[PDB]
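Student: Supplied in C-alpha cells, the structure appears directly below.
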There are 4 protein chains.
Amino acid sequence: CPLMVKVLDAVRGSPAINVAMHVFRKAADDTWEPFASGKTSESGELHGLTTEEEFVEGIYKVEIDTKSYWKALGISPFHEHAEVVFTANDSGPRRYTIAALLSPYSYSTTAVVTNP
Amino acid sequence: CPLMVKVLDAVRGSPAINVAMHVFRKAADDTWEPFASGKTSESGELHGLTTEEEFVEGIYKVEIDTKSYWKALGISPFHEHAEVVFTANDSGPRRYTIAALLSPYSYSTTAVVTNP
Amino acid sequence: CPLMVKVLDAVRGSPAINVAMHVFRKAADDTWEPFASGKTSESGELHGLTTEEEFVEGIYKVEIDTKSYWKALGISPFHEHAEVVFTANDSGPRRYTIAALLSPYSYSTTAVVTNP
Amino acid sequence: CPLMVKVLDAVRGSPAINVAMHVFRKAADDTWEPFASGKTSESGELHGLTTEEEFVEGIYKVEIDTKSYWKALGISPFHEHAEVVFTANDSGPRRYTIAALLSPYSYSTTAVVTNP
Ligand SMILES: O=c1cc(-c2ccc(O)c(O)c2)oc2cc(O)cc(O)c12
Ligand SMILES: O=c1cc(-c2ccc(O)c(O)c2)oc2cc(O)cc(O)c12
Ligand code: NA
Ligand code: NA
C-alpha cells in the first residue's frame with residue numbers, strides 16, 4: 001500500500017485512535033468521487049487504504065474527521081475536519097505518508113513522499 | 001469585520017504576500033456557495049472579507065491557493081491548496097482570526113477567537 | 001523595538017496571556033547572560049524587550065515558561081519550557097517577531113523577520 | 001530503549017537524515033551534564049540512545065542540531081537548534097518519542113508518551 005495516514009493528539013501526547021477519514025479522488029467532471037475510507041488504529045495509523053494498481057494519477061483529498069474525534073472525547077473543537085488535497089503519482093508511483101497533529105483549535109499536516 | 005486571515009511563510013520567515021484565497025459558505029444542499037475572496041497584503045493579512053451582519057452562523061471553508069504561491073517563488077509544493085473548514089458559532093467570541101503557516105510539504109493552521 | 005514575542009494557545013484558540021519569558025544573550029565564555037524579560041499581554045504579545053542600539057548581533061535564547069502557563073489552567077504539560085535560540089544578523093531584515101503556538105504536548109515556533 | 005527521536009524535513013517532504021543531536025540531563029547542581037548523542041538514520045529516526053536502567057528520573061534536554069542540518073544543504077536557517085526540555089519518568093518508566101518537523105524559519109516538536 002502506497003498511502004498511509006498517521007494522526008497524533010497534541011493534548012494527550014498520544015496517537016489519535018479511532019479517527020475516521022474519507023479519501024476522495026477528483027473525477028473527470030471535477031466532482032469528488034469516493035476512493036477509500038477507514039479509521040486509525042491504536043497506533044494512530046491507517047494502513048491498507050489502497051493498492052499500487054488502484055492508486056492511479058489524480059488529485060486526492062483526505063478528509064480527516066477531527067470534529068468527531070474531539071467530540072467523542074467531550075471537547076468542542078474549532079474545525080469540522082482537516083483536509084489534505086494533493087496531486088499524486090504525477091511522475092510515476094510514489095509512496096505517501098500523510099501525518100496530522102491535532103489540537104482543538106489548531107492542526108498541522110505534513111507529507112513524506114518516497115520513491116520505492 | 002469579524003473574520004481575518006493571516007498567512008506566514010516558514011521557508012523565508014516572512015509574511016506570505018499576494019496569496020489568493022476564496023471563502024465559501026455551505027448551502028442547505030451541502031454545496032459550497034461563494035462567500036468572499038481576496039489576496040493577502042504586504043503584511044500577509046486579508047482584512048475586510050465580510051461584515052458582522054453578513055457573517056451568520058454556519059459552516060465556512062477558506063481555500064488558500066498555496067500551490068500558486070510556491071510556484072511563483074519557483075518552489076514545487078505538495079498541496080493543491082490549504083483548506084480551513086469550520087463552524088461560526090455565536091455562543092463564542094465575536095472575532096475570528098484564521099492563521100496559516102506554510103512550508104512546501106506541510107502547513108499548519110490555527111484559529112484565534114476573541115472578543116473586543 | 002526590534003524584537004517582539006507573540007504566544008498563542010492551541011487548546012483554547014486564544015492568545016496565551018500572562019506567559020512569562022526570559023531572554024538571554026550568549027557570552028564569550030558560552031554562558032547565558034540575562035538580557036530582558038517580561039509577561040505577555042492580553043493580546044498574547046510582549047513588546048518593549050529591547051532597543052535597536054542594545055540588540056546587537058549575537059546568539060539569543062528566549063525561554064518561555066510554558067509549564068507555569070498550563071499548570072495555572074489546571075492542565076499537565078510535557079515541556080519544562082519552550083526555548084527559541086537564534087542568531088541576530090544585521091545583514092537581514094531589522095524587525096524580529098518570534099511566534100510560538102502552544103499545546104500541552106507540542107509547540108511550534110516561527111520567526112517573521114521584516115523591514116519597516 | 002525508552003527514548004526515540006524522529007525528525008522530518010518540511011521543505012523536501014522527507015525524513016531529515018544525518019541530523020545530529022545531543023541529550024543532556026540536569027545534575028544536582030543545576031548544570032547540564034552530557035547524557036547521550038547520535039544522529040538520525042535514513043529513516044530520520046534515532047534509536048538506541050539509552051536503556052531503561054540508565055534513563056532514570058530527571059530533567060532532560062534534547063538539542064537537535066538544526067542549523068548544521070540546513071547549512072549542509074546550503075540553506076541559512078533562523079534557529080541555532082531546536083531544544084526539547086522535559087521531566088521524564090516522574091511517575092515511573094515511560095517510553096518517549098520526540099518528533100520534530102523542520103523548516104528554515106520554523107519548527108514544531110511533539111511528544112508521544114506511552115506506558116509499557
Ligand atoms: O507560530 C505561529 C504564529 C502565528 C501567528 C499568528 C498571528 C500573528 O500575528 C503572528 O505574528 C503569528 O500563527 C501560527 C499559525 C499556525 O497555524 C501555526 C503556527 O505555529 C503559528
Ligand atoms: O505532522 C507531524 C507528523 C509527525 C510524525 C510523523 C511520523 C511519525 O512516525 C511520527 O511519530 C510523527 O510529527 C510531527 C511533529 C511535530 O512537532 C509537528 C507535526 O506537524 C508532526
Ligand atoms: Na506526468
Ligand atoms: Na515521583
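By convention in this document, the chains of the C-alpha cells carry letters A, B, ... by their order, each chain's residues are numbered from 1, and ligands are numbered from 1 in the order they are shown.
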Taking only C-alpha atoms and all ligand atoms into account, list the residues no farther than 10 Å from ligand 2, as a PyMOL selection string.

Tutor: (chain A and resi 5-8+10+14-15+43-45+97-102+107-112) or (chain B and resi 106-108) or (chain C and resi 105-109) or (chain D and resi 4-8+10+15+43-45+97-102+107-112)

Student: Could those selected residues go to a file with C-alpha atoms, as a short mmCIF file (atom, residue, chain, number, x, y, z; two decimals), in the first residue's frame?

Tutor:
data_model
loop_
_atom_site.label_atom_id
_atom_site.label_comp_id
_atom_site.auth_asym_id
_atom_site.auth_seq_id
_atom_site.Cartn_x
_atom_site.Cartn_y
_atom_site.Cartn_z
CA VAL A 5 -2.12 8.28 7.29
CA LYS A 6 -0.81 8.83 10.80
CA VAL A 7 -2.52 11.05 13.36
CA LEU A 8 -1.22 12.35 16.72
CA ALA A 10 -1.15 17.16 20.85
CA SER A 14 -0.58 10.05 22.22
CA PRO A 15 -1.58 8.53 18.90
CA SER A 43 -1.04 3.28 16.86
CA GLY A 44 -2.88 6.22 15.27
CA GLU A 45 -2.12 4.81 11.82
CA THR A 97 2.62 9.18 4.30
CA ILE A 98 0.24 11.93 5.44
CA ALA A 99 0.76 12.91 9.07
CA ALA A 100 -1.52 15.16 11.09
CA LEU A 101 -1.05 16.64 14.55
CA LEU A 102 -4.27 17.70 16.26
CA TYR A 107 -3.74 21.30 13.37
CA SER A 108 -0.67 20.66 11.29
CA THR A 109 -0.26 18.29 8.38
CA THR A 110 2.85 17.11 6.57
CA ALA A 111 3.63 14.73 3.75
CA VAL A 112 6.54 12.34 3.42
CA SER B 106 3.48 20.96 5.29
CA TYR B 107 1.18 23.56 6.71
CA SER B 108 -0.27 24.45 9.97
CA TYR C 105 2.43 18.01 24.46
CA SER C 106 3.62 20.07 21.49
CA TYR C 107 4.66 23.50 20.42
CA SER C 108 5.56 25.24 17.30
CA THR C 109 7.73 28.37 16.82
CA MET D 4 13.49 7.77 20.36
CA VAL D 5 13.72 10.94 18.25
CA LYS D 6 12.22 11.30 14.80
CA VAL D 7 12.86 14.28 12.53
CA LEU D 8 11.07 15.32 9.31
CA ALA D 10 9.01 20.12 5.72
CA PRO D 15 12.87 12.22 6.74
CA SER D 43 14.50 6.99 8.17
CA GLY D 44 15.06 10.23 10.11
CA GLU D 45 15.00 8.26 13.38
CA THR D 97 9.09 9.55 21.22
CA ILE D 98 10.16 13.13 20.44
CA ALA D 99 9.21 14.21 16.93
CA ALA D 100 10.36 17.39 15.22
CA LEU D 101 9.27 18.93 11.93
CA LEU D 102 11.77 21.36 10.41
CA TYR D 107 9.92 24.11 13.66
CA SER D 108 7.41 22.08 15.59
CA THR D 109 8.03 19.44 18.22
CA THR D 110 5.68 16.94 19.82
CA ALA D 111 5.98 14.16 22.34
CA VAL D 112 4.25 10.79 22.34
#

Student: List all protein, DNA and RNA residues that have an atom no more than 8 Å from any atom of ligand 4, counting only C-alpha atoms and all ligand atoms, and report them as number ranges by chain.

Tutor: D: 89-92

Student: Using the chain letters and numbers from this document, which residues of segment 7-85 of chain D does DSSP assign to strand (DSSP E), as a PDB file with C-alpha atoms, in the first residue's frame?

Tutor:
ATOM      1  CA  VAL D   7      12.855  14.283  12.529  1.00  0.00           C
ATOM      2  CA  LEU D   8      11.075  15.321   9.306  1.00  0.00           C
ATOM      3  CA  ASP D   9      12.002  17.941   6.685  1.00  0.00           C
ATOM      4  CA  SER D  14      11.279  13.564   3.573  1.00  0.00           C
ATOM      5  CA  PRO D  15      12.871  12.218   6.735  1.00  0.00           C
ATOM      6  CA  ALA D  20      22.974  15.375  14.954  1.00  0.00           C
ATOM      7  CA  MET D  21      21.599  15.764  18.427  1.00  0.00           C
ATOM      8  CA  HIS D  22      22.929  15.864  21.956  1.00  0.00           C
ATOM      9  CA  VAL D  23      20.930  14.865  25.014  1.00  0.00           C
ATOM     10  CA  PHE D  24      21.686  16.364  28.421  1.00  0.00           C
ATOM     11  CA  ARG D  25      20.380  15.675  31.914  1.00  0.00           C
ATOM     12  CA  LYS D  26      20.198  18.214  34.704  1.00  0.00           C
ATOM     13  CA  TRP D  32      23.533  20.248  32.107  1.00  0.00           C
ATOM     14  CA  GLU D  33      25.508  17.003  32.061  1.00  0.00           C
ATOM     15  CA  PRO D  34      26.032  15.126  28.788  1.00  0.00           C
ATOM     16  CA  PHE D  35      23.730  12.076  28.653  1.00  0.00           C
ATOM     17  CA  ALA D  36      23.761  10.676  25.103  1.00  0.00           C
ATOM     18  CA  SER D  37      24.151  11.733  21.496  1.00  0.00           C
ATOM     19  CA  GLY D  38      23.755  10.432  17.975  1.00  0.00           C
ATOM     20  CA  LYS D  39      22.451  11.186  14.513  1.00  0.00           C
ATOM     21  CA  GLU D  45      14.996   8.263  13.377  1.00  0.00           C
ATOM     22  CA  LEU D  46      17.499   7.981  16.184  1.00  0.00           C
ATOM     23  CA  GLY D  58      15.292  13.682  35.770  1.00  0.00           C
ATOM     24  CA  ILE D  59      15.018  16.739  33.594  1.00  0.00           C
ATOM     25  CA  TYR D  60      16.307  16.049  30.103  1.00  0.00           C
ATOM     26  CA  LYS D  61      17.218  18.350  27.235  1.00  0.00           C
ATOM     27  CA  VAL D  62      17.380  17.142  23.617  1.00  0.00           C
ATOM     28  CA  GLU D  63      19.319  19.615  21.479  1.00  0.00           C
ATOM     29  CA  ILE D  64      18.616  18.926  17.839  1.00  0.00           C
ATOM     30  CA  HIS D  79      17.443  28.882  14.650  1.00  0.00           C
ATOM     31  CA  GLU D  80      20.690  27.584  16.146  1.00  0.00           C
ATOM     32  CA  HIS D  81      18.984  24.399  17.206  1.00  0.00           C
ATOM     33  CA  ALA D  82      15.669  23.085  18.444  1.00  0.00           C
ATOM     34  CA  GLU D  83      15.605  22.315  22.170  1.00  0.00           C
ATOM     35  CA  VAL D  84      13.184  19.962  23.817  1.00  0.00           C
ATOM     36  CA  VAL D  85      13.278  20.118  27.621  1.00  0.00           C
TER      37      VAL D  85
END

Student: Using only C-alpha atoms and all ligand atoms, can you tell me which of A:11, A:19, A:56, A:75 comes closest to ligand 3?

Tutor: A:56

Student: Take atom CA of residue 40 of chain D and atom CA of residue 72 of chain D and report the distance between them in Å, one decimal.

Tutor: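 These atoms are spaced 14.3 Å apart.
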
Student: Between atom CA of residue 17 of chain D and atom CA of residue 71 of chain D, measure the distance and give it in Å to one decimal.

Tutor: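 Rounded to one decimal, the two atoms are 13.2 Å apart.
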